[PDB]
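Peer 1: Pasting a structure here, questions to come.
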Amino acid sequence: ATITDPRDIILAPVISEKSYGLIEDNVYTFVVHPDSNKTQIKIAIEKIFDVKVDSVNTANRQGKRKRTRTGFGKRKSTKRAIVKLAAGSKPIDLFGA
Amino acid sequence: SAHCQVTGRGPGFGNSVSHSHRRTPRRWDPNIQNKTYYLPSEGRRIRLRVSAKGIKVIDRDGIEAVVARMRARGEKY
Amino acid sequence: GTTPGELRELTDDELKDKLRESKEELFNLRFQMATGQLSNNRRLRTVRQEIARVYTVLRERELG
RNA sequence: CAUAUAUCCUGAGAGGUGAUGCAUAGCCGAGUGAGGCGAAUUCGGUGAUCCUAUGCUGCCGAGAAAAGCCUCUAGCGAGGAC
RNA sequence: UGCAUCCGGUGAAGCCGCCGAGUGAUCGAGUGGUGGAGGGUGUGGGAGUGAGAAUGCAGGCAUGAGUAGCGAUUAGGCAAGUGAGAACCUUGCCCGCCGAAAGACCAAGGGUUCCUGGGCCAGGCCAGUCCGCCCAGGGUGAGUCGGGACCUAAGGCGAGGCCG
RNA sequence: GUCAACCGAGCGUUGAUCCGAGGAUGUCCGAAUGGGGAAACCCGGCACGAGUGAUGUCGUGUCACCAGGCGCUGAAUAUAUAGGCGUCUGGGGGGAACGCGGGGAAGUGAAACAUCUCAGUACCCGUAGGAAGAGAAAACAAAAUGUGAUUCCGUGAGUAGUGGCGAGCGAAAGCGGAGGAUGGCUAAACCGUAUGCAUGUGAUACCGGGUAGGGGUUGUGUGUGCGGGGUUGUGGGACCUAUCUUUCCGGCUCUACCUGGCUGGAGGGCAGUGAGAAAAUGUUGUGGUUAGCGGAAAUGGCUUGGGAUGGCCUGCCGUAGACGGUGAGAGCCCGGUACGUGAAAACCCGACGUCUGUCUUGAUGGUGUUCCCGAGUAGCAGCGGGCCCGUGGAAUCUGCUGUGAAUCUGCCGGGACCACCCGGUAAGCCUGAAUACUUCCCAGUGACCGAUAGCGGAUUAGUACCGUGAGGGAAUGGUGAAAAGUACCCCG
């Protein structure tokens, strides 16, 4: 059978100064699957964490293009999603900073 | 052409002539026409692309017969 | 740590229980891996395999 | 029945709010750059190739379509409309 | 290469040679240096079988030559700075240039060139601590913006269809 | 996994890594197929299910096009049809060559050139198959008492011949061979049938005579679909009609009775996945392929050398001295060979028993006459193709038009044509084996190359780079036995 799990969409966190400046004021950035969307991500998150999302965003990133003895390779695109948890305000513990 | 329908008398490709030759074809078409007919069985008028030869065939053989023979070939009549 | 004959004792709903559990584990592992709070990398492989086994058993039971 | 500045429509802009805010001249030490308080804020001229203007006037070369908006019924019609 | 025999890590070939030979193409089983694994001889067989020239092909290197140039008609300078190393890099005060553009914002197009940290054997028409150069990491957030989910013109594709 | 190391963290005798066969999953584009589209990215419908306080969202499926069959309706319009709706099965595109049918050039040669040749080649089209196509005499031949399906090879033959008788092209018969299946199935006359367009002797006829009820097995017509009978050349066949007449019965010949002729079952025989009808079945062969495995004999002695696999001297194995590697030429070190082994599963061969039919209700011959022996065809004329054959006296084979016949004293051919003799019986269909070919796969061989060679590509290779685009299209192999890859110091 096939079982829709929400935890197969959300792949991973983001770890960087921008992300931490966002966390200081309760905004969390995750890495998702490219064919996702905002309703799907909202549902995944306010299911997984039983916490009250109010607005979601996105972005795309065209991967870099490095060189080699062989030649011109290219990393992978992604989709970064950015969530602003509402006044509920239980931070995401499993993040681990 | 739309191609004959009762026999299959397709074209042919000639060539040269007299007075010294020159090599050069000129399709030898067949003589198809657009005669129509009437099927008393199913109460209908049918139009076909049939040579005069095939008309000869009809009038000494019938039309039912011919449409059955064409049904065999499964022409999209 | 499981095997197919061990799992084939389990009925469907038990398999789905373990399935959802293992996906939760894989998720928490990916966060740990990003954070750097992980060392035993290979658990990712092991979990991924176990999920495959479980779907495989389900499909066996659906084509039998 | 009608010629009224009637009535309606459309419509640049002036005015009030928007704005107890923002922000700004500057001052203070401060030195990477952090910062914090922060006055008056009226009056006239000039003048757009911009706005009313898809307007107006004139001419001949006589000047896209469809969706959208409004409307009349066909019909779905006992439930719902604001 | 067929066949028979000889030398060879106690140093073959190949290369640089010296001394010598043959009437000539050429030869040294004559010896030295380098070097590191296959070669010679006689008889026959078979040839991708001998290059100095094709405004011949491929690679490398010369003469010209340490010569011409170093990419506009705006014009650079002094002190201090870090640095191994400064005409050019950072800052200070001057100076000068464009100012319906050599200024600020979009579309096409390109694709990380953007920021930070480090770097300077390659590149920049000099050098370079510098750079759109090199490496790693980071970075692009839309109910209302430009498009799609709304519509159609030129034109295209074109069920069926007609012709061939 | 690897170029390709480094680091980290692990697994494994409870059998890992690895190899083989089958399955499962199988994002998006692509014939691409829900609609659309700038290929790999945008929007949806329907049924179900998950999910929210409801919407949004999510998951599983399915929805294109035509051809055919079946089913419902039958628009103008009356019959009724095209069409419309639903369901079921097919096809759709890719491929390296090889094939068959069709189309179809030119530079060249002719010392020019058009006819000719190059070539019916290249190329294009439509369709295939594991091979294809052709194929059972309307053939050859020459009076020999001959041959006997076809195809592919050798020769005949660079001949007879053809040809602006110029360049040049160019058979066949016959003979020797490979392979053998000197192969089978149909239509028509004639009956029995369902029918379907028509009619009405409305009766002395539908049948075996005859004894006969009916009063039509419709009475007579006519094509259709089914079943019998019939497959030939020295002609055969269907009617006719004697003779021997190689199983039992059930009912049928309209009908009870004598026969003739059907419709059933039964022992049986024959054959079978055959070209000659077609599906699956289960046994099944140490039969074959798809992983592999064992496998004989020297740490031998002296010397050289960094290392002995060398030289010299001693032994051995050998159904194994092929090859390669190992620190320098290794039968006795390693890998492996000669040789023998090995398959749970899948696949292929036959083998079987199922299963399926099929003849059995039968045949050999007699005998005198009517009927049938594949029709818009063969033939003739007009333009043309290709056959050695360029319109020539030009047969045979053929394409389009126009005209257009007979059924055995019939018809077609034996290089115009006519008479005689000879051979053969067209216009319906299938047919293996010999033959051609290699994208891929497996194992080997080489008086083939050995990094400017050999496939363009030993090195990231159809890559980089060039071009808008189709399309072009490169360069670069070697440390040494093993990285022991120069720790440490000095100048910078």
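Identifiers for the structure tokens are assigned positionally: chains receive A, B, ... in sequence, residues are indexed from 1 per chain, and ligands are indexed from 1 in the order shown.
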Identify, on the basis of only C-alpha atoms (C1' of nucleotides), every residue whose closest approach to residue D:26 does not exceed 12 Å; exclude the query and any residue fewer than 5 positions from it along the same chain; express the result as a ChimeraX atom specification.
Peer 2: /D:37-39
Peer 1: When the cut-off is 9 Å and we count only C-alpha atoms, which residues of chain C are near chain A, given as a PyMOL selection string?
Peer 2: chain C and resi 16+20+23-24+26-28+30-35+37+55-56+58-59+62
Peer 1: Give me every helix (DSSP H, G or I) residue in stretch 43-92 of chain A, going by DSSP on the backbone, as a ChimeraX atom specification.
Peer 2: /A:43-48
Peer 1: Fewer than 2 positions away in the same chain doesn't count, so skip those; otherwise give me all residues within 12 Å of residue F:381, counting only C-alpha atoms (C1' of nucleotides), as a PyMOL selection string.
Peer 2: chain F and resi 379+383+401-404
Peer 1: Keeping only N, CA and C atoms (P, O5', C5', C4', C3', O3' and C1' of nucleotides), write the selected residues as a PDB file, in the first residue's frame.
Peer 2:
ATOM      1  P     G F 379      -3.743 -12.591 -72.784  1.00  0.00           P
ATOM      2  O5'   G F 379      -4.727 -12.728 -74.023  1.00  0.00           O
ATOM      3  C5'   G F 379      -4.562 -13.793 -74.938  1.00  0.00           C
ATOM      4  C4'   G F 379      -5.519 -13.707 -76.097  1.00  0.00           C
ATOM      5  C3'   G F 379      -5.291 -12.560 -77.054  1.00  0.00           C
ATOM      6  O3'   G F 379      -4.240 -12.809 -77.964  1.00  0.00           O
ATOM      7  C1'   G F 379      -7.589 -12.737 -76.565  1.00  0.00           C
ATOM      8  P     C F 383       0.610   2.779 -80.862  1.00  0.00           P
ATOM      9  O5'   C F 383       0.496   3.574 -79.497  1.00  0.00           O
ATOM     10  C5'   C F 383       1.527   4.459 -79.133  1.00  0.00           C
ATOM     11  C4'   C F 383       1.386   4.994 -77.734  1.00  0.00           C
ATOM     12  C3'   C F 383       2.453   4.553 -76.767  1.00  0.00           C
ATOM     13  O3'   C F 383       3.707   5.158 -76.956  1.00  0.00           O
ATOM     14  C1'   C F 383       0.398   4.314 -75.725  1.00  0.00           C
ATOM     15  P     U F 401      -8.126   0.644 -66.364  1.00  0.00           P
ATOM     16  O5'   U F 401      -8.445   1.304 -67.765  1.00  0.00           O
ATOM     17  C5'   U F 401      -8.784   2.667 -67.783  1.00  0.00           C
ATOM     18  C4'   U F 401      -8.845   3.255 -69.169  1.00  0.00           C
ATOM     19  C3'   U F 401      -9.945   2.760 -70.086  1.00  0.00           C
ATOM     20  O3'   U F 401     -11.209   3.315 -69.821  1.00  0.00           O
ATOM     21  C1'   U F 401      -7.927   2.916 -71.279  1.00  0.00           C
ATOM     22  P     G F 402     -12.505   2.425 -70.084  1.00  0.00           P
ATOM     23  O5'   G F 402     -12.379   2.008 -71.609  1.00  0.00           O
ATOM     24  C5'   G F 402     -12.600   2.967 -72.619  1.00  0.00           C
ATOM     25  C4'   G F 402     -12.767   2.357 -73.997  1.00  0.00           C
ATOM     26  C3'   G F 402     -13.605   1.092 -74.114  1.00  0.00           C
ATOM     27  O3'   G F 402     -14.998   1.306 -74.165  1.00  0.00           O
ATOM     28  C1'   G F 402     -11.583   0.759 -75.227  1.00  0.00           C
ATOM     29  P     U F 403     -15.974   0.082 -73.824  1.00  0.00           P
ATOM     30  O5'   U F 403     -15.580  -1.033 -74.884  1.00  0.00           O
ATOM     31  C5'   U F 403     -15.982  -0.899 -76.233  1.00  0.00           C
ATOM     32  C4'   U F 403     -15.509  -2.043 -77.100  1.00  0.00           C
ATOM     33  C3'   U F 403     -16.065  -3.417 -76.773  1.00  0.00           C
ATOM     34  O3'   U F 403     -17.359  -3.632 -77.302  1.00  0.00           O
ATOM     35  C1'   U F 403     -13.738  -3.571 -77.156  1.00  0.00           C
ATOM     36  P     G F 404     -18.293  -4.786 -76.700  1.00  0.00           P
ATOM     37  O5'   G F 404     -17.313  -6.026 -76.511  1.00  0.00           O
ATOM     38  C5'   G F 404     -17.076  -6.945 -77.565  1.00  0.00           C
ATOM     39  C4'   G F 404     -16.120  -8.030 -77.139  1.00  0.00           C
ATOM     40  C3'   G F 404     -16.673  -9.086 -76.206  1.00  0.00           C
ATOM     41  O3'   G F 404     -17.469 -10.062 -76.849  1.00  0.00           O
ATOM     42  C1'   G F 404     -14.601  -8.359 -75.393  1.00  0.00           C
TER      43        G F 404
END
Peer 1: What residues in chain A have any atom no more than 12 Å from chain F when counting only C-alpha atoms (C1' of nucleotides), and can you write them as a list in words?
Peer 2: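 Filtering chain A at 12 Å from chain F with only C-alpha atoms (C1' of nucleotides) gives residues 1, 2, 3, 4, 5, 6, 9, 33, 34, 35, 36, 37, 38, 39, 40, 41, 42, 43, 44, 46, 47, 68, 69, 70, 71, 72 and 73 of chain A.
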Peer 1: Limited to N, CA, C and O atoms, could you put the picked residues into a file as a JSON list (two decimals), in the first residue's frame?
Peer 2:
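Saved result, result.json, follows:
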[["chain", "number", "residue", "atom", "x", "y", "z"],
["A", 1, "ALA", "N", 0.83, -1.20, 0.00],
["A", 1, "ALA", "CA", 0.00, 0.00, 0.00],
["A", 1, "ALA", "C", 0.87, 1.25, 0.00],
["A", 1, "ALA", "O", 2.08, 1.17, 0.13],
["A", 2, "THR", "N", 0.22, 2.40, -0.15],
["A", 2, "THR", "CA", 0.86, 3.70, -0.07],
["A", 2, "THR", "C", 0.22, 4.47, 1.08],
["A", 2, "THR", "O", -1.00, 4.42, 1.25],
["A", 3, "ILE", "N", 1.04, 5.17, 1.85],
["A", 3, "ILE", "CA", 0.59, 5.87, 3.04],
["A", 3, "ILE", "C", 1.17, 7.28, 2.97],
["A", 3, "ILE", "O", 2.39, 7.46, 3.09],
["A", 4, "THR", "N", 0.31, 8.27, 2.79],
["A", 4, "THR", "CA", 0.75, 9.65, 2.92],
["A", 4, "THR", "C", 1.24, 9.92, 4.33],
["A", 4, "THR", "O", 0.45, 9.95, 5.28],
["A", 5, "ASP", "N", 2.56, 10.08, 4.48],
["A", 5, "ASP", "CA", 3.17, 10.61, 5.68],
["A", 5, "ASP", "C", 3.58, 12.06, 5.45],
["A", 5, "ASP", "O", 4.27, 12.33, 4.45],
["A", 6, "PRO", "N", 3.21, 13.01, 6.30],
["A", 6, "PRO", "CA", 3.71, 14.38, 6.11],
["A", 6, "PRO", "C", 5.20, 14.54, 6.32],
["A", 6, "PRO", "O", 5.75, 15.54, 5.88],
["A", 9, "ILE", "N", 7.90, 15.02, 3.24],
["A", 9, "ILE", "CA", 7.97, 16.25, 2.46],
["A", 9, "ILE", "C", 9.05, 17.12, 3.06],
["A", 9, "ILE", "O", 10.06, 17.42, 2.42],
["A", 33, "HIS", "N", 10.27, 19.42, -0.29],
["A", 33, "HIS", "CA", 10.31, 18.75, -1.56],
["A", 33, "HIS", "C", 9.85, 19.73, -2.64],
["A", 33, "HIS", "O", 8.95, 20.54, -2.39],
["A", 34, "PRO", "N", 10.45, 19.71, -3.84],
["A", 34, "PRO", "CA", 10.12, 20.75, -4.81],
["A", 34, "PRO", "C", 8.66, 20.81, -5.23],
["A", 34, "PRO", "O", 8.13, 21.91, -5.44],
["A", 35, "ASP", "N", 7.99, 19.67, -5.32],
["A", 35, "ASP", "CA", 6.60, 19.63, -5.76],
["A", 35, "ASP", "C", 5.62, 19.81, -4.61],
["A", 35, "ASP", "O", 4.48, 19.35, -4.70],
["A", 36, "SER", "N", 6.04, 20.46, -3.54],
["A", 36, "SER", "CA", 5.16, 20.75, -2.43],
["A", 36, "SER", "C", 4.39, 22.03, -2.72],
["A", 36, "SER", "O", 4.46, 22.55, -3.83],
["A", 37, "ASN", "N", 3.66, 22.51, -1.74],
["A", 37, "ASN", "CA", 3.08, 23.84, -1.83],
["A", 37, "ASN", "C", 2.76, 24.32, -0.43],
["A", 37, "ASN", "O", 3.02, 23.63, 0.56],
["A", 38, "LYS", "N", 2.14, 25.48, -0.35],
["A", 38, "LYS", "CA", 2.01, 26.15, 0.92],
["A", 38, "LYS", "C", 0.95, 25.51, 1.79],
["A", 38, "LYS", "O", 1.14, 25.38, 3.00],
["A", 39, "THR", "N", -0.18, 25.11, 1.21],
["A", 39, "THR", "CA", -1.20, 24.46, 2.01],
["A", 39, "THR", "C", -0.69, 23.13, 2.53],
["A", 39, "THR", "O", -0.92, 22.77, 3.69],
["A", 40, "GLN", "N", 0.05, 22.42, 1.70],
["A", 40, "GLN", "CA", 0.59, 21.12, 2.08],
["A", 40, "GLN", "C", 1.60, 21.26, 3.19],
["A", 40, "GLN", "O", 1.61, 20.48, 4.15],
["A", 41, "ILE", "N", 2.42, 22.31, 3.13],
["A", 41, "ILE", "CA", 3.44, 22.52, 4.14],
["A", 41, "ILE", "C", 2.81, 22.99, 5.43],
["A", 41, "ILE", "O", 3.21, 22.57, 6.53],
["A", 42, "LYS", "N", 1.84, 23.88, 5.33],
["A", 42, "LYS", "CA", 1.11, 24.34, 6.50],
["A", 42, "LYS", "C", 0.49, 23.17, 7.23],
["A", 42, "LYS", "O", 0.62, 23.05, 8.45],
["A", 43, "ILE", "N", -0.15, 22.27, 6.49],
["A", 43, "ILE", "CA", -0.81, 21.14, 7.12],
["A", 43, "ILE", "C", 0.21, 20.22, 7.76],
["A", 43, "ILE", "O", 0.03, 19.77, 8.89],
["A", 44, "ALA", "N", 1.28, 19.92, 7.03],
["A", 44, "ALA", "CA", 2.34, 19.07, 7.58],
["A", 44, "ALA", "C", 2.85, 19.61, 8.89],
["A", 44, "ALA", "O", 3.03, 18.86, 9.86],
["A", 46, "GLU", "N", 1.57, 22.12, 11.09],
["A", 46, "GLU", "CA", 0.61, 22.23, 12.17],
["A", 46, "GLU", "C", -0.10, 20.91, 12.45],
["A", 46, "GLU", "O", -1.06, 20.90, 13.22],
["A", 47, "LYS", "N", 0.33, 19.83, 11.80],
["A", 47, "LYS", "CA", 0.09, 18.48, 12.30],
["A", 47, "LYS", "C", 1.25, 17.99, 13.15],
["A", 47, "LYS", "O", 1.06, 17.59, 14.30],
["A", 68, "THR", "N", 35.71, 21.20, -12.58],
["A", 68, "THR", "CA", 36.42, 19.96, -12.34],
["A", 68, "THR", "C", 37.38, 19.76, -13.50],
["A", 68, "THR", "O", 37.17, 20.31, -14.59],
["A", 69, "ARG", "N", 38.44, 19.00, -13.25],
["A", 69, "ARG", "CA", 39.30, 18.45, -14.29],
["A", 69, "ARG", "C", 38.47, 17.92, -15.44],
["A", 69, "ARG", "O", 38.78, 18.16, -16.61],
["A", 70, "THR", "N", 37.43, 17.18, -15.10],
["A", 70, "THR", "CA", 36.43, 16.75, -16.06],
["A", 70, "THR", "C", 35.77, 17.95, -16.73],
["A", 70, "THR", "O", 35.91, 18.13, -17.95],
["A", 71, "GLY", "N", 35.09, 18.80, -15.96],
["A", 71, "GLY", "CA", 34.39, 19.93, -16.53],
["A", 71, "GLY", "C", 33.38, 20.60, -15.61],
["A", 71, "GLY", "O", 33.60, 20.69, -14.41],
["A", 72, "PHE", "N", 32.27, 21.08, -16.18],
["A", 72, "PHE", "CA", 31.32, 21.96, -15.48],
["A", 72, "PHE", "C", 30.14, 21.17, -14.93],
["A", 72, "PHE", "O", 29.18, 20.89, -15.64],
["A", 73, "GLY", "N", 30.20, 20.86, -13.64],
["A", 73, "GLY", "CA", 29.13, 20.16, -12.98],
["A", 73, "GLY", "C", 28.09, 21.13, -12.47],
["A", 73, "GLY", "O", 28.07, 22.31, -12.81]]
Peer 1: What does the distance from atom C1' of residue F:6 to atom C1' of residue F:459 come to in Å, to one decimal?
Peer 2: 25.1 Å
Peer 1: Within 12 Å of residue F:311, counting only C-alpha atoms (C1' of nucleotides), which residues qualify if same-chain residues fewer than 3 places away don't, as a VMD selection string?
Peer 2: (chain E and resid 8 10) or (chain F and resid 302 to 304 308)
Peer 1: Which residues of chain B have any atom within 8 Å of an atom in chain F when counting only C-alpha atoms (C1' of nucleotides), and what is the closest pair of atoms for each, with the distance in Å to one decimal? Order the rows by chain and rising number and write it as a Markdown table.
Peer 2:
| residue | atom | partner | partner_atom | distance |
| --- | --- | --- | --- | --- |
| B:11 | CA | F:400 | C1' | 6.9 |
| B:12 | CA | F:399 | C1' | 5.8 |
| B:13 | CA | F:399 | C1' | 7.9 |
| B:14 | CA | F:384 | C1' | 4.9 |
| B:15 | CA | F:384 | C1' | 6.5 |
| B:16 | CA | F:384 | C1' | 7.8 |
| B:20 | CA | F:115 | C1' | 6.3 |
| B:21 | CA | F:115 | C1' | 6.3 |
| B:22 | CA | F:115 | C1' | 7.8 |
| B:28 | CA | F:400 | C1' | 5.0 |
| B:29 | CA | F:400 | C1' | 5.9 |
| B:30 | CA | F:400 | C1' | 5.4 |
| B:31 | CA | F:401 | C1' | 7.3 |
| B:42 | CA | F:80 | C1' | 6.6 |
| B:43 | CA | F:80 | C1' | 6.2 |
| B:44 | CA | F:81 | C1' | 6.7 |
| B:53 | CA | F:376 | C1' | 7.5 |
| B:56 | CA | F:376 | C1' | 7.1 |
| B:57 | CA | F:376 | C1' | 6.1 |
Peer 1: Write to file, as a CSV table (one decimal), in the first residue's frame, the residues of the selection just made, with N, CA, C and O atoms.
Peer 2:
chain,number,residue,atom,x,y,z
B,11,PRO,N,-2.7,3.5,-60.5
B,11,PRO,CA,-1.9,4.1,-61.6
B,11,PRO,C,-0.8,3.2,-62.2
B,11,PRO,O,-0.7,2.0,-61.8
B,12,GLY,N,0.0,3.8,-63.0
B,12,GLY,CA,1.2,3.1,-63.6
B,12,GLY,C,2.1,4.2,-64.0
B,12,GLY,O,1.7,5.3,-64.2
B,13,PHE,N,3.4,3.9,-64.3
B,13,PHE,CA,4.3,4.9,-64.7
B,13,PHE,C,5.1,4.7,-66.0
B,13,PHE,O,6.1,4.0,-66.0
B,14,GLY,N,4.6,5.2,-67.1
B,14,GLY,CA,5.2,5.1,-68.4
B,14,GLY,C,6.6,5.6,-68.5
B,14,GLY,O,7.3,5.6,-67.5
B,15,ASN,N,7.0,6.1,-69.7
B,15,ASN,CA,8.3,6.7,-69.9
B,15,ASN,C,8.4,7.2,-71.3
B,15,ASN,O,7.4,7.8,-71.8
B,16,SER,N,9.6,7.0,-71.9
B,16,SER,CA,9.8,7.5,-73.3
B,16,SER,C,8.7,7.5,-74.3
B,16,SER,O,7.5,7.1,-74.1
B,20,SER,N,13.1,9.8,-81.4
B,20,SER,CA,14.2,9.9,-80.5
B,20,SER,C,13.6,9.8,-79.2
B,20,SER,O,12.4,10.2,-79.0
B,21,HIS,N,14.2,9.2,-78.2
B,21,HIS,CA,13.5,9.1,-76.9
B,21,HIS,C,13.9,10.3,-76.0
B,21,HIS,O,14.6,11.2,-76.5
B,22,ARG,N,13.5,10.3,-74.8
B,22,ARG,CA,13.8,11.4,-73.9
B,22,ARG,C,13.7,10.9,-72.4
B,22,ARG,O,14.1,11.6,-71.5
B,28,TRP,N,-0.2,6.7,-66.1
B,28,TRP,CA,-1.3,6.2,-66.9
B,28,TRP,C,-2.4,6.0,-65.9
B,28,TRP,O,-2.6,4.9,-65.4
B,29,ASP,N,-3.2,7.1,-65.7
B,29,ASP,CA,-4.3,7.0,-64.7
B,29,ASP,C,-5.3,5.9,-65.1
B,29,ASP,O,-5.1,5.2,-66.0
B,30,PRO,N,-6.4,5.8,-64.3
B,30,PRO,CA,-7.3,4.7,-64.6
B,30,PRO,C,-8.7,5.0,-65.3
B,30,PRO,O,-9.2,4.1,-66.0
B,31,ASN,N,-9.3,6.1,-65.0
B,31,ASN,CA,-10.6,6.5,-65.5
B,31,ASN,C,-11.7,6.5,-64.5
B,31,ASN,O,-12.9,6.5,-64.9
B,42,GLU,N,-31.0,-1.5,-48.1
B,42,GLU,CA,-31.1,-0.5,-46.9
B,42,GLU,C,-31.6,0.8,-47.2
B,42,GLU,O,-31.6,1.7,-46.4
B,43,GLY,N,-32.2,1.0,-48.4
B,43,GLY,CA,-32.9,2.2,-48.7
B,43,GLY,C,-32.0,3.5,-48.7
B,43,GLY,O,-32.1,4.3,-47.8
B,44,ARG,N,-31.1,3.5,-49.6
B,44,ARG,CA,-30.0,4.5,-49.5
B,44,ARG,C,-29.4,4.7,-50.9
B,44,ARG,O,-29.4,3.8,-51.8
B,53,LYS,N,-15.0,0.5,-66.2
B,53,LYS,CA,-14.8,-0.9,-66.2
B,53,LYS,C,-15.6,-1.5,-65.1
B,53,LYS,O,-16.4,-2.4,-65.2
B,56,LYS,N,-19.2,-1.6,-65.6
B,56,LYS,CA,-19.5,-2.8,-66.4
B,56,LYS,C,-19.7,-4.0,-65.5
B,56,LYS,O,-20.7,-4.7,-65.6
B,57,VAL,N,-18.8,-4.1,-64.5
B,57,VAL,CA,-18.8,-5.2,-63.6
B,57,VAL,C,-20.1,-5.1,-62.8
B,57,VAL,O,-20.8,-6.2,-62.7
Peer 1: Identify, on the basis of only C-alpha atoms (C1' of nucleotides), every residue whose closest approach to residue A:81 does not exceed 8 Å; exclude the query and any residue fewer than 2 positions from it along the same chain; express the result as a JSON list (two decimals) with N, CA and C atoms, in the first residue's frame.
Peer 2:
[["chain", "number", "residue", "atom", "x", "y", "z"],
["A", 29, "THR", "N", 12.87, 28.09, 9.30],
["A", 29, "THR", "CA", 13.09, 27.78, 7.89],
["A", 29, "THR", "C", 13.44, 26.32, 7.74],
["A", 30, "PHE", "N", 12.69, 25.62, 6.89],
["A", 30, "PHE", "CA", 12.94, 24.23, 6.57],
["A", 30, "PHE", "C", 13.15, 24.06, 5.08],
["A", 31, "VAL", "N", 13.62, 22.88, 4.72],
["A", 31, "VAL", "CA", 13.87, 22.49, 3.34],
["A", 31, "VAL", "C", 12.85, 21.42, 2.97],
["A", 32, "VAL", "N", 12.15, 21.63, 1.86],
["A", 32, "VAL", "CA", 11.04, 20.80, 1.50],
["A", 32, "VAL", "C", 11.27, 20.14, 0.15],
["A", 56, "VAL", "N", 2.83, 31.15, 5.68],
["A", 56, "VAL", "CA", 3.90, 30.36, 5.12],
["A", 56, "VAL", "C", 4.43, 31.09, 3.90],
["A", 57, "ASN", "N", 5.67, 30.81, 3.55],
["A", 57, "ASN", "CA", 6.28, 31.33, 2.35],
["A", 57, "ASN", "C", 7.15, 30.24, 1.73],
["A", 58, "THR", "N", 7.91, 30.61, 0.72],
["A", 58, "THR", "CA", 8.67, 29.67, -0.08],
["A", 58, "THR", "C", 9.87, 30.40, -0.65],
["A", 59, "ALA", "N", 10.62, 29.69, -1.49],
["A", 59, "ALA", "CA", 11.62, 30.22, -2.38],
["A", 59, "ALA", "C", 12.19, 29.05, -3.15],
["A", 79, "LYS", "N", 13.92, 23.74, -2.45],
["A", 79, "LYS", "CA", 12.87, 24.68, -2.13],
["A", 79, "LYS", "C", 12.96, 24.91, -0.63],
["A", 83, "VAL", "N", 8.39, 29.71, 7.78],
["A", 83, "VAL", "CA", 7.16, 29.67, 8.55],
["A", 83, "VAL", "C", 7.25, 30.64, 9.71]]
Peer 1: What are the DSSP strand (DSSP E or B) residues of chain A, as a PyMOL selection string?
Peer 2: chain A and resi 12-13+27-31+53-57+60-61+67+72+78-85
Peer 1: Need to verify the contact set: residue F:327, 10 Å, only C-alpha atoms (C1' of nucleotides), exclusion of same-chain residues closer than 6 positions in sequence. Can you return it as a list in words?
Peer 2: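 The residues satisfying every condition are residues 306, 307, 481 and 482 of chain F.
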Peer 1: Give me, as a VMD selection string, all polymer residues having an atom no more than 10 Å from stretch 52-61 of chain D, counting only C-alpha atoms (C1' of nucleotides) and skipping those fewer than 4 positions away in the same chain.
Peer 2: chain D and resid 11 to 13
Peer 1: Can you write out as CSV which residues of chain E fall within 12 Å of chain B, alongside each residue's closest atom pair and its distance in Å to one decimal, counting only C-alpha atoms (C1' of nucleotides) and ordering rows by chain and ascending residue number?
Peer 2:
residue,atom,partner,partner_atom,distance
E:162,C1',B:2,CA,10.5
E:163,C1',B:2,CA,7.9
E:164,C1',B:1,CA,5.2
Peer 1: So how far away is atom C1' of residue F:142 from atom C1' of residue F:413, in Å?
Peer 2: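 Going from atom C1' of residue F:413 over to atom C1' of residue F:142 covers 15.2 Å.
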